[PDB]
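As structure tokens, the structure follows; a few thoughts come after it.
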Amino acid sequence: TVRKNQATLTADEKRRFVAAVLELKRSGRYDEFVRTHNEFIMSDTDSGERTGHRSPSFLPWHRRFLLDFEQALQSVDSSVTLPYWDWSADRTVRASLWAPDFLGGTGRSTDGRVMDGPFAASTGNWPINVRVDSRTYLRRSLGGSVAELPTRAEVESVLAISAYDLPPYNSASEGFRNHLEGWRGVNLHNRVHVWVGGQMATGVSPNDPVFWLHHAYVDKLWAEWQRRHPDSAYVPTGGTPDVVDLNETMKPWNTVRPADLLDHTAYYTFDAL
Amino acid sequence: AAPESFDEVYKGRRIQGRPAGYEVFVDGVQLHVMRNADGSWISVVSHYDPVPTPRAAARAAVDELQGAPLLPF
Ligand SMILES: [O-][O-]
Ligand SMILES: [Cu+2]
Ligand SMILES: [Cu+2]
């Protein structure tokens, strides 16, 4: 399994990825990923139990969530793997990512509605069902709510942080995980959600297929961090209330721990790391 | 200490907030909101974008909705 930069996919690979995503939507499986993510972001809190966000397990949780989604794609077309979006490089609305043969573009200004590409509401193939905003069409406002995506120099400054995470292991933490997540510092992952807008800015953000490509690149940045800091590792390592320690299992699966997910190469490699 | 309650019409929509740890409503429909450790707030329709107060989060939700009804969580 090789996860490839979206910018590098062949026309055949884009066609096959889109058709697999549309089939998971048609079959009803896709919307349960959206529901699971919203359930965790509504329950993950800074002073209580926190697993999928604002906590050290943000990274292994999303790694396993993406693995579940990739396996579901492979059950439809075994050649498909999740691509990643390097938003530091492909940083404008002209990026091929946003072309009509791939994810389609930004939404129109009046109501945010995406008007082209395979996920446009007009196709009939991308109903927004799991939602809080009652509107049922995919929406985006690229660069509307924040003007720029992170740059490579900004990503580099976060990659250079030696500690994986630090007490109090939440949105106030210093350390790599919270700087990558974005609640402190120059802000990488959260800012990308805000920059896409529409459903990507909400707890039902997997409603936009770009969710997976964003989180596949976040996941790659974890892998790069590890290679920069072979001497540093996941923390905490035991006995921490409300936080998933290294060898503790994680909801909702219950049968996997951060320890099982640190080495991505048991599951996939990157085109280049 | 929780923030004070509020009630106003913002861009044509009634927004209300009250301590509960805090609840917000948009035209009577409850909106999930959450407080961050640094005292900022987010809502479920702006859950990656901290703002300073629960009223700011309710206003961000009205801005997000562009007139649409909120559905309950
Ligand atoms: O991660 O949303
Ligand atoms: Cu929340
Ligand atoms: Cu999220």
**Asked** If you go through region B:33-52 one residue at a time, how many are away from ligand 3 (no atom under 16 Å from the Cβ) and of a type in the set (D, E)?
**Response** 1
**Request:** Go through the residues of region A:146-163 one by one and say whether even a single one is away from chain B (no Cβ under 12 Å) and within 13 Å of ligand 1 (Cβ to nearest atom).
**Result:** no
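Yes/no matrix, rows are residues, columns are (1) closer than 19 Å to A:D46 by Cβ; (2) away from ligand 2 (no atom under 15 Å from the Cβ):
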| residue | (1), (2) |
| --- | --- |
| B:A1 | yes, yes |
| B:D27 | no, yes |
| B:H32 | yes, no |
| B:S43 | yes, no |
| B:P50 | yes, no |
| B:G67 | no, yes |
**Complete:** Expected single match for away from chain B (no Cβ under 14 Å) and either within 16 Å of ligand 1 (Cβ to nearest atom) or among the polar types (S, T, N, Q) (or both) among A:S47, A:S75 is A:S75
**Request:** Filter region A:171-205 down to the residues that are within 16 Å of ligand 2 (Cβ to nearest atom), surrounded by 24 or more Cβ atoms within 10 Å (Cβ to Cβ) and polar (S, T, N, Q), then identify the one that is farthest from the chain's Cα centre (by Cα).
**Result:** A:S171
**Prompt:** Is one or more of the residues making up region A:241-252 part of a helix (DSSP H, G or I), more than 14 Å from chain B (Cβ to nearest Cβ), surrounded by 17 or more Cβ atoms within 10 Å (Cβ to Cβ) and within 16 Å of ligand 1 (Cβ to nearest atom)?
**Reply:** no
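For residues in region B:18-32 being away from ligand 3 (no atom under 16 Å from the Cβ) and at the interface with chain A (Cβ under 10 Å from one of its Cβ atoms), which is surrounded by the most Cβ atoms within 10 Å (Cβ to Cβ)?
B:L31
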**Asked** Is there a residue in region B:2-16 that is within 16 Å of ligand 3 (Cβ to nearest atom) and surrounded by 13 or more Cβ atoms within 10 Å (Cβ to Cβ)?
**Response** no
**Message:** So if I check each of A:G185, A:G203, which one is more than 9 Å from chain B (Cβ to nearest Cβ) and either assigned to a loop (DSSP other than H, G, I, E, B) or under 26 Å from A:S141 (Cα atoms) (or both)?
**Reply:** A:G185
**Request:** Kindly provide the set of residues from region B:33-62 that are more than 9 Å from the chain's Cα centre (by Cα) and more than 9 Å from every other protein chain (Cβ to nearest Cβ), ordered by number.
**Result:** B:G39, B:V51, B:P52
**Prompt:** Quick one: is A:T106 within 14 Å of chain B (Cβ to nearest Cβ), closer than 28 Å to B:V62 by Cβ and more than 16 Å from ligand 1 (Cβ to nearest atom)?
**Reply:** no
**Single match in A:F102, A:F65 (criterion: in a helix (DSSP H, G or I) and not basic (K, R))** = A:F65
**Request:** Given the conditions (1) within 28 Å of A:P206 (Cβ to Cβ); (2) within 11 Å of chain A (Cβ to nearest Cβ), report the number of the one that B:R13 does not fulfil.
**Result:** (2)
**Request:** State which residue pairs qualify: first residue within 18 Å of A:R227 (Cβ to Cβ) and inside region A:162-181, second residue charged (D, E, K, R) and part of a loop (DSSP other than H, G, I, E, B) in any location, beta carbons under 6 Å apart, and separation of 6 or more residues or different chains.
**Result:** A:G175/A:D165; A:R177/A:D165
**Prompt:** Hey, any hits in region A:46-56 for a residue that's closer than 24 Å to A:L221 by Cβ and of a type in the set (G, A, S)?
**Reply:** yes
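With ideal geometry, Cβ positions are generated from the backbone for all residues, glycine too; neighbour counts draw on all protein chains shown. The numbers here are math on the coordinates, done by the rules we state, and not lab data.
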